[PDB]
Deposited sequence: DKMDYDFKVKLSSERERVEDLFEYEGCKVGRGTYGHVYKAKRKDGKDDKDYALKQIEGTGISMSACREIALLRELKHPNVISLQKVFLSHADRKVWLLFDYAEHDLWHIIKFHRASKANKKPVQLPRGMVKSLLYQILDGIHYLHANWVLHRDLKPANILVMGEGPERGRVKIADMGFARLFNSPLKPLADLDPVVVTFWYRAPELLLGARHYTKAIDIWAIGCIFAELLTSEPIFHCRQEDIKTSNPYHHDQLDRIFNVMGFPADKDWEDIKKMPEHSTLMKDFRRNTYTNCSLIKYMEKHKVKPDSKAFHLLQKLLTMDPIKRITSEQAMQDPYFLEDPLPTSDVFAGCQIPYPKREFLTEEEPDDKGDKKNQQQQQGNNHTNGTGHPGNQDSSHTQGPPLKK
């Protein structure tokens, strides 16, 4: 029982995604969260690109509900922004309109790793903007829970050239950005967990390879911990007193010996990749990559590090007026 004049009125006024946007054969991302298209407006008021996401599933799932709920409230230059929500009544599909970001750190790092490492002005500007976006989210009690290069988008040409946008693209799963407490069975996500991942991204931006890279092997992941201990060393009791309280601590003790990693340290790792241990960059990295989560600095504290007062200062445009050498997004077809 629904009034007819009400139904037809809304149906008449309702904007359908297919009527407003051109997107057939322009798919740029596919994954666990659904499909992403590069879209143009049919009624040509602008020639700007748009990211158009079709949510995987139908109706209003917990995933759709959570995405809509949050992004409808969030507003920050360094966080990806939702423009419109389209509810298709025919098929019960949910479409989301976002800003189109041409680049991201996954593709940017891969480009430089194919050589020419990343410019140092660019690394500082990237880290500052990432820290700025996460500080805003953490201030609003929003945790990311999956920070990695693929989720750090960067805008291409246009009015926001080179601005970082934090996103959550989904999924091909790696534990390279997962803090040790999660690997030892920590039950809950935390602000600290996000910071560790930012520390991993910063190490990767400096050296071009993932700091805790691991071959493809429950919460306990032995090989991923072994890699962290090869780089960082095995933690002393003094360095992390509450490691005992971790559910997997007894398994850690069964499988590992501290002796094994006696000549391992973050200093020794970063020296091999030509990053000086007395640089302000390294001293910042060390504070992000601290094993004990209560001994990691916060995003606000990281933003105030003297690193960002050293020459050169970070820029809004991460590319700093230089020609963007990185290629545009190729379309998918399946």
Practice task
Write out the missing regions of the deposited sequence in sequence order, one range per stretch.
Solution key: 1, 117-122, 179-195, 242-246, 364-405
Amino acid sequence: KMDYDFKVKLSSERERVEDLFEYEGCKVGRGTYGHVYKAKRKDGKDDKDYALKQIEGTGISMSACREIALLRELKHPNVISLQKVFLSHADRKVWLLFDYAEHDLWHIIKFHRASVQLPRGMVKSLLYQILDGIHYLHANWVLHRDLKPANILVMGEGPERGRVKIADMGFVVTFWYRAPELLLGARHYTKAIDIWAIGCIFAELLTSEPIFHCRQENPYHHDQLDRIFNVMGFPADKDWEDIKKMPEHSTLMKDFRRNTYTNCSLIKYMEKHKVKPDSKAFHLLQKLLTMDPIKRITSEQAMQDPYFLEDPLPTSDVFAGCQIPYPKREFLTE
From here on, numbers count along this sequence of modelled residues.
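C-alpha atoms forming the largest set that superposes within 1.5 Å between two forms make up the rigid core.
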Exercise for the section: Please pick 129-137 or 89-97, whichever has its Cα atoms farther from the shown form in 9 other deposited structures of this protein after a rigid core fit. Expected result: 89-97
Completion exercise
in 9 other deposited structures of this protein, with the rigid core superposed, the stretch whose C-alphas stray more from the shown form, 183-191 or 118-126, is 118-126
Practice task
Could you tell me whether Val173 lacks coordinates in at least a third of the other compared entries whose models cover its neighbours on both sides?
Solution key: yes
Handout entry: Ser208 not built in a third or more of the other entries
Key = no
Practice task
Quick one: say whether 6-14 or 318-326 has the higher mean Cα B-factor in the deposited entry.
Solution key: 318-326
Practice task
Between 106-114 and 72-80, name whichever shows the higher mean Cα B factor according to the PDB entry.
Solution key: 106-114
Exercise for the section: Choose from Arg145, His222, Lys124, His138 the residue with the greatest Cα B-factor as stated in the PDB record. Expected result: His222
Exercise for the section: Please work out which residue in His283, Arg41, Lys53, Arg296 has the highest C-alpha B-factor recorded for this crystal structure. Expected result: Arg41
Handout entry: Relative C-alpha B-factor of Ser265, binned into the chain's lowest, middle or highest third
Key = middle
Fill in the blank from the handout: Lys165: C-alpha B-factor third of its chain, per the entry, is the lowest
Handout entry: B-factor third for the C-alpha atom of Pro159 within its chain
Key = highest
Practice task
Would you please rank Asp91 by its C-alpha temperature factor against the other modelled residues of its chain and give the third it falls in: lowest, middle or highest?
Solution key: highest
Problem - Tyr307 - which third its CA temperature factor falls in, relative to the rest of the chain - result: lowest
